[PDB]
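K.L.:
Based on what follows, work out the 3D shape:
(chains A, B, C, D, E and F, ligands or ions: 4)
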Amino acid sequence: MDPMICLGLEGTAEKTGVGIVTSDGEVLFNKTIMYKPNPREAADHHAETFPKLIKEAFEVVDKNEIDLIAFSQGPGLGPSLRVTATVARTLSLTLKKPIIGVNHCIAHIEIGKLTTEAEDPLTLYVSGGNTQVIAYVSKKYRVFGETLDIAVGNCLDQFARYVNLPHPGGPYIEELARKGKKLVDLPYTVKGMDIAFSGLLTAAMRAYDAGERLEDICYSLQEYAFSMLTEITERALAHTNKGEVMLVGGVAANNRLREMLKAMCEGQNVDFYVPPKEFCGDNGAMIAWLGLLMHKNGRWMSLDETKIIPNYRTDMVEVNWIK
Amino acid sequence: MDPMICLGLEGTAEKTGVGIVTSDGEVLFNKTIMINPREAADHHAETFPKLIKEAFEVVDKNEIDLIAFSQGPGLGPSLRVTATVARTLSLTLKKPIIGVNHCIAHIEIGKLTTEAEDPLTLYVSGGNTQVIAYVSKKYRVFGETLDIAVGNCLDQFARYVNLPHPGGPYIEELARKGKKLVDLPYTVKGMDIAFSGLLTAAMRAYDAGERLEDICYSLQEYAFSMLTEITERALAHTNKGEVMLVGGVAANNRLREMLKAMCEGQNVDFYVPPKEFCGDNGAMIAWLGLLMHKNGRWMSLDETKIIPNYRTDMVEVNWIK
Amino acid sequence: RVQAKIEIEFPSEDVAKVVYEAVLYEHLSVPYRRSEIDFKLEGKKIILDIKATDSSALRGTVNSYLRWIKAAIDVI
Amino acid sequence: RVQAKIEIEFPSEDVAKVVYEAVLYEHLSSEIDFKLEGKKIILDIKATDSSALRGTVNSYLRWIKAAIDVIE
Amino acid sequence: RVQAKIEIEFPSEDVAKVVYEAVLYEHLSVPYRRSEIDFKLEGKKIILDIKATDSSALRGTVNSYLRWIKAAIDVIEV
Amino acid sequence: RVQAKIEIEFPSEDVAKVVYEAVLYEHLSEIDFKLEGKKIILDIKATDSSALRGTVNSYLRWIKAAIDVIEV
Ligand SMILES: Nc1ncnc2c1ncn2[C@@H]1O[C@H](COP(=O)(O)O)[C@@H](O)[C@H]1O
Ligand SMILES: Nc1ncnc2c1ncn2[C@@H]1O[C@H](COP(=O)(O)O)[C@@H](O)[C@H]1O
Ligand SMILES: [Mg+2]
Ligand SMILES: [Mg+2]
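P.N.:
Residues are numbered from 1 along each chain as shown, chains lettered A, B, ... in the order given. Ligands and ions are numbered 1, 2, ... in the order given. Sure, structure below:
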C-alpha cells in the first residue's frame, strides 16, 4: 500500500546527480554537482562525487526503503557512463534491489510532464550536448528534427572559451547580448526540421576577429540560433499535430529563448511549458522517475542488460507507461 | 556481508508448501500441509495465506528479498493459485519473483543436504516418475514413465482395496507381512516403464482372492525392480557416479534397499535427502529460485504464467559448472 | 444467452491495481474458456463482464476468477 | 463491496416463470435481490467479501441449472 | 612489450564478489581495447593481469579499471 | 593491501639502464623500483586502489618521457 521508492543516478555529462522519488510525484531527494575545468577527467569526477552524494541521499531516506535503482544508461560519454553504470549495479547487488537502465533524453521529457501541465507535448531538447525535437508518435518517442554537427549549448560554450569567457558560457552570452543592440550578418542555416550551428559559429567568431563589438555578436548569435530553433520547433509542431510544447535542457535557462518560443506558441494556439529550474538541466531526480515509470509498468532487466549505450537512440526504447 | 533471503511457494498437485531459505544452505522455515483438481485448488487458496502468515512470524516480511514459486509441471487450477499468490507477494513486498521448475527443485534440494554433486536422479512422485540427469548443458529426462506414475499406481490400488487416500505407506506396512509374490506382468520398454498394465493385474489378483498383504509384497517387488532397472541403464547412458532418490515414494524403505544394493554393486554412491525434503515442500522451490536468481536471472510478471507441462530441458541452467 | 457483471470495490486505489495485476496474467493464461470474459480495472473496483452459453458455463468461470481474486486479497 | 448481476434469457416468458418460481420456493433460508422481468431472470447479489459472493453464486447457479434440467 | 599484474584484496569474500560482479559487465562492455586484459576473481582478491604494447597503453586501461573498482568499493562502504 | 607489478622490456639492456637511471635520478605508497637486465621491474604496494593508481600514473609518465627522448 506504500509507494515504491527509486534511487536515480545521473552521470552522462559534466554533472553528477543523485535523485530519490516515490511512485507518486513526490521528490524526496535531489542534488547535482558540476565540474569546473576532458572525458577522462570528467569520469574521475563522477567516481569521486557519486559516493559523496549518496551519503547525503541515504541521510534523507534510509537505504533499506529504497526499492529500485535507476541510472542514466545513455546516450553520453563512454567513461562517464561506465562509472554511473558500475555504481548503479554496485548498489543493486548490495541492497539486493532491482536495477533499471534509463534513457537520458526521455528522462528530461518525463520529468517535465510530472512538473508541468504537459500531457502529450512536442519537446525541444536543448542541452550542452544535445539539440533535438522529440515527440511521442506511433507508440515510440521519436526525433522529428535534430541538429547536424554540434548542439547549440555546445556552440555557446565553444564561442565563450574563444572570446575568453568562463566555461559555462551560455548564461554569460545572454547577459552580454542585452547590451549589444546591433545585428551582425550571420548565416541562417535550417534544412527541413534540422539545424546546423557549425556554419553559424565559425562566422560568429570570424566577425569577432573582424573587430565587430562582442555585445553585438552575442545579441546576434542568440537571435539567429534561437530563431532557427523556433522555426524547426514550429515545423515539427505542425508535423506532429501536438497541442503542447516543452523546453528542456540547460539552455532552457535562457530568457530570450523562452520569450521567442512562448510567442510562437501563443500564435499557433498551443501551450508552452518549462520545468522548474532544478529539473531542466541534468539531474538524478528525472532518472529515478523514468526508471520508476518503466518498472512500475512492468519492465525488469538483468545485469547483462545494463551495459552502457553511448549512442542510445530515442526510438530504441519501448514506451510501456503511456496509455 | 548479509545473505539474500528467499520465500518459496510450493503448490503443485495436492500438497501446499511454504519455505524460507538463505543464500547459504540454511533453511529458516519449511512447512507443508496435506482427488479433485478443482477442490485441490481451493485447498491451496485457503492454506497458503495461513502458512505465509505463519512464515512471517519466524522471518520478518521486510527481510524477504526474493519470491520463488513452483511454476510447473503440475495440475492446472492448483498452479494458478500458487502463481497468483506468488506475484501478489511480489507486488506487495516490492521484491523480484522467480518461476521455478518443480522436478529440478527436487534434485537441487537433493544435492544440498547430501554429498551428491552431479548425480543421476530418480524422481518418484505421486504424479511423476522420471530419471533425470544433468547432461550436455541441460537437465534431461533419459527415462520416464508411460501412462501413470508408480506413486499414483499405489494410490489407485490402495483406494481400490478400500485403503486411505495416501495409500503409499499403508501398502508398505502390509507388504512386510505377506512374504510371497504373485505372478504379475513385468513391463519395461527400453528406458521407459509402464504401470498401467501392472496395476490392472494387481487388482485382478485381489478379486481372485489372494491376500492383499501378499499382493502388496508382489506389487512392490515388480514395480521397484522395474524402477531399479531403468535407473541402472540410465546410469550407464550418462556415466554418472551418483544416484539420487527423490519424491514422496523415497520414504519407502524397500525401494531404498533395492537401489543402494544396485549402487553398491555398480560401485556408485546412493543418496536420499532428509524426510522433509523428499516430498513436495516450499523449501526446495525457495532454493532453486535463489539458485537461478543469485546467478543472475531476473524475470518479469509476463514470464510467470503457469506451465502445466513444464519439460526439464526447457529451463536454462545458469547455476552449475 | 447468459450474462454477468461482477464488481469488487477496494478500500484504496493502490490495492485494486495490485490484486488486478496478479490475476491479469491468469486471465491471459487461459487457452480454452468455458465462457467469454472481460477482466478490466476501473479505479478502485475490478470489473468482470462475463457472457456464457449456459448457467454451468458461467459457474465454472466465476469460481475460477473469484478464487484467484480471493487468493490475491487473502495474501495482502 | 462485492456486487454481481446475472441475467438468464429463456425461450418463452412462461419458461422464465417456471424456473423463477421453482428456484425461489424450493430454497428458503449476504443481501440478495431475485426478480423476474419478462423473458429473463435477473439476479442482483450484494455480499461482504469474495468468498461469500462465490458461495451464493454457486448455490443459485446450481439451482437454476437444476430447474432447467427438469424441463428439458 | 609491457606487462603488469595488479591484485586487490578485500576484507570479506562476499565484498570481493560484489565489486567483481559490478565491474565485470564493464569488462565485457569494451569493444576496442588499448591493451589485453584478464579480469578474474580469486578468493578475497581481484586479480588484474594486463599486457600492453607501450607504457601509455597500459596507463589507460589501468586508470579505467581502477576507476571502476574505486567507484564500486566507495559505494559499498557508507 | 593492494599490490602491483609492472615489467617493461627494452630493445637493449643499455637502453634499460638509461631509462632506469633517468627516472630514478630526476625524481626524488611503498615502492620497489629495480633494474633487471633489459627489463625494468616495478613492484608497487599501496593502501588503496586510488593510491596505487596515483603512483602508477607517476612512474609510467616518467618512463614515457625518458623513452621519448631516446626515440625519434
Ligand atoms: N541562460 C543560458 N543561455 C544559454 N545557454 C545556457 C544558459 N544556461 C545554460 N546554458 C547552457 O546549457 C548547457 C548545460 O545543459 P545541461 O548539460 O543539459 O545542464 C551548457 O552548454 C550551458 O552553456
Ligand atoms: N512410504 C511411502 N511408500 C510409498 N509411497 C509413498 C510413501 N509416502 C508417500 N508415498 C506416495 O507419494 C505420493 C505423494 O508424495 P508427493 O509425490 O511428494 O506429493 C503419493 O503417491 C503417495 O502414495
Ligand atoms: Mg541533459
Ligand atoms: Mg513431488
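K.L.:
quick one: contacts for the residue in the stretch 51-200 of chain A that chain D sits nearest to?
P.N.:
Closest residue of the stretch 51-200 of chain A to chain D, CB to the nearest CB: residue A:67 (28.5 Å). Just so you know, the C-beta spots here come from the backbone N, C-alpha and C atoms, and that holds for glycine as well. Contact partners of residue A:67, counting by CB atoms under 8 Å, 6 or more residues apart in numbering or on different chains, are A:4-6, A:97-98, B:94.
K.L.:
And those, which two are furthest apart?
P.N.:
Largest separation among the contacts of residue A:67 by CB to CB: A:5 and A:98, giving 12.2 Å.
K.L.:
Whichever residue of chain C sits closest to ligand 2: neighbouring residues, count only.
P.N.:
Going by CB to the nearest ligand atom, ligand 2 is nearest to residue C:71 of chain C, at 20.8 Å. Burial of residue C:71 is recorded as 28 neighbouring residues (other CB atoms under 10 Å in any protein chain shown).
K.L.:
element containing the nearest residue to it once chain neighbours are set aside, please.
P.N.:
What sits nearest to residue C:71 in space, not counting adjacent residues and going by CB to CB, 6 or more residues apart in numbering or on different chains, is residue B:45, at 4.4 Å. Take DSSP states H and E as the rule and residue B:45 turns out to sit in helix B:37-58.
K.L.:
chain center to that helix: distance?
P.N.:
19 Å (CA atoms, centre = their mean, to the nearest Å).
K.L.:
Now for residue A:71: which residues touch it?
P.N.:
Contacts of residue A:71 by CB under 8 Å, 6+ apart are A:8-11, A:84-85, A:87-88, A:99-102, A:287, A:291, A:306.
K.L.:
Tell me the most packed of those residues, by neighbour count.
P.N.:
residue A:287 leads the contacts of residue A:71 on contacts (other CB under 10 Å) with 37 neighbours.
K.L.:
Surely that one is in contact with residue A:8?
P.N.:
Yes: between residue A:287 and residue A:8 there is a contact under CB atoms under 8 Å: 3.6 Å.
K.L.:
Find the residues that touch each one of those two.
P.N.:
Common neighbours of residue A:287 and residue A:8 (CB under 8 Å, 6+ apart) are A:17, A:19, A:70-71, A:102.
K.L.:
Generate JSON lines for those residues, with distance to residue C:14 as supplementary columns.
P.N.:
Output for these, formatted as JSON lines (distance: CB to CB, whole Å):
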{"residue": "A:17", "distance to residue C:14": "29"}
{"residue": "A:19", "distance to residue C:14": "23"}
{"residue": "A:70", "distance to residue C:14": "21"}
{"residue": "A:71", "distance to residue C:14": "26"}
{"residue": "A:102", "distance to residue C:14": "24"}
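K.L.:
So which of these is the closest to residue C:41?
P.N.:
residue A:70 (25.7 Å).
K.L.:
And for the closest one, the neighbour number?
P.N.:
Residue A:70: 30 neighbours (other CB under 10 Å).
K.L.:
ok, now residue A:89?
P.N.:
Neighbours of residue A:89 (other CB under 10 Å): 24.
K.L.:
likewise residue A:95?
P.N.:
The number of residues near residue A:95, taken as other CB under 10 Å, comes to 17.
K.L.:
Surely it touches residue A:62?
P.N.:
No: taking CB under 8 Å as the definition, residue A:95 is not a contact partner of residue A:62, at 10.9 Å.
K.L.:
so how far is residue A:22 from the residue of the stretch 51-200 of chain A closest to chain D?
P.N.:
10 Å (CB to CB, to the nearest Å).
K.L.:
give the contact list for the residue of chain C closest to ligand 2.
P.N.:
B:44-45, B:48-49, B:81, B:84-85, B:88.
K.L.:
In which helix or strand does it reside?
P.N.:
helix C:55-75.
K.L.:
circling back: if you rank the contacts of residue A:67 by neighbours, which is first?
P.N.:
Going by other CB under 10 Å, residue A:6 tops the contacts of residue A:67 with 30 neighbours.
K.L.:
hey, what's that one bridged with?
P.N.:
residue A:21, residue A:68 (DSSP bridges).
K.L.:
can I assume it is in contact with residue A:289?
P.N.:
Yes: counting by CB under 8 Å, residue A:6 does reach residue A:289; the two are 7.5 Å apart.
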